[PDB]
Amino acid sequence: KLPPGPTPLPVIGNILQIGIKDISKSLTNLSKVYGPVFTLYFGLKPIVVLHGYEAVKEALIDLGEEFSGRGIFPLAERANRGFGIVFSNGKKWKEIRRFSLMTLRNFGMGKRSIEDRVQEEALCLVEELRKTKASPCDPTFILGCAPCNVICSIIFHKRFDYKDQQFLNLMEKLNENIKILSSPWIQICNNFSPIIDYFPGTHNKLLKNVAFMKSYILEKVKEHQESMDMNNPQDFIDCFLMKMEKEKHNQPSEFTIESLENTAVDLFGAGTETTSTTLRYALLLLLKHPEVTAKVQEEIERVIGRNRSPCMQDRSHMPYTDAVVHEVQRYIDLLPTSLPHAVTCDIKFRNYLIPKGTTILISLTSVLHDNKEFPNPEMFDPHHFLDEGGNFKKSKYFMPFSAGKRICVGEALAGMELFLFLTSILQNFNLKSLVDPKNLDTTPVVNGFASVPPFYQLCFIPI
């Protein structure tokens, strides 16, 4: 048997029960009726939902290889998304992921470290924030540039100047695509149609934007082929090309110029928006909780001071800051259902039998907002990651990057970006709201499978 669920209607399954508006809350409501493991029907396609820590851990961690598949919907083929890391499966995924992890280690791309790349972006970020000259400002665009340029640095070896038109084009395309991809028409409703694409225009626009990106990446690969130093790979492209020229006696290979372009599009896609949104949300929460900000600044001033950049090494001496970043991620819950999984083979889970390829939906909300691990889980409070002594308290329930075999490839990178960008900002600025802090609402705007902060402005007042 599959896990029990609400009985589907004919030809529409469970669609009309589920509140598309806030899918996570519906899943949670269902869990109160059917328990931690239950089945929903998306017009005949069964979806098993895992809710709560135990179920999620059992599946993602203890039965990891079996739950390592990526769930497929029509959108995957309509936006040509299954050829990188994020939406790939089997051998293509294993190989590209493995390689990408090796390449993305702090020193996996020559002498220049990933941390160096992030540190340079943090100085640039601070500078743009000075240029606002302490006036009101929607930080959206500035905070989005920093992570985008980090990926640029990782892939092409060199960051762009924030005004370089080639950068502004990449960024604009990416924004467009992500905003389109956020629409419930594109994420949900159009997947109800298994064969006919009811938004052919939209997908065309998506693909055109991709092609622009892929074509820019091709220009660079060429440049990288004409300046290849086999002993000194400096970026993700070099590393990929060396992997190719190491596989030439083994075709057909998962490593080709085409998988390089698709993998890089994945890294831009995965690596920008979520980090950007997390940073923006962090500043909103810091505005609203100025005591919190002050405690971070106390750590900064005491451990780091003013005569130098904040580096990772600092993080182990700054538990309060570490707790603040962790708590931002836990509270805001940007991917409440992760990305969909799928079982790779027939598998007995608990006392249910789940057939190979069945889509699994993991509720990360249920873990991050566990009300016993994180009492008052609905409140932002850095103490959720602090012991009674004021030290950092780890949580097995801290899964904003998901868990198991499909855990975010950028976990460590996003971790550096968040810590270095936040510390560098509060090293150099205080934060002043336009409106009254008591009047700001930090509660998240959900629209489908995606959380987002509300709109706000602030002033970056130099110290």
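For every residue, the number given is its place in the sequence shown, counted from 1.
- 62-70 and 430-438 differ in mean CA B-factor, and the higher of the two is recorded for 430-438.
- Higher average CA B factor: 226-234, of the stretches 226-234 and 336-344.
- Residue-level inspection of the entry shows that, of 384, 97, 350, 179, 350 has the top Cα B-factor.
- You'll see in the entry that, of 315, 330, 288, 133, the Cα B factor peaks at 133.
- Sort the modelled residues of the chain by CA B factor and residue 44 lands in the highest third.
- In the deposited entry, the Cα temperature factor of residue 120 places it in the lowest third of its chain's modelled residues.
- Among the modelled residues of the chain, residue 112 sits in the middle third by CA temperature factor in this PDB entry.
- Among the modelled residues of the chain, residue 275 sits in the lowest third by CA temperature factor in this PDB entry.
- Among the modelled residues of its chain, residue 194 has a C-alpha B-factor that falls in the highest third according to the deposited record.
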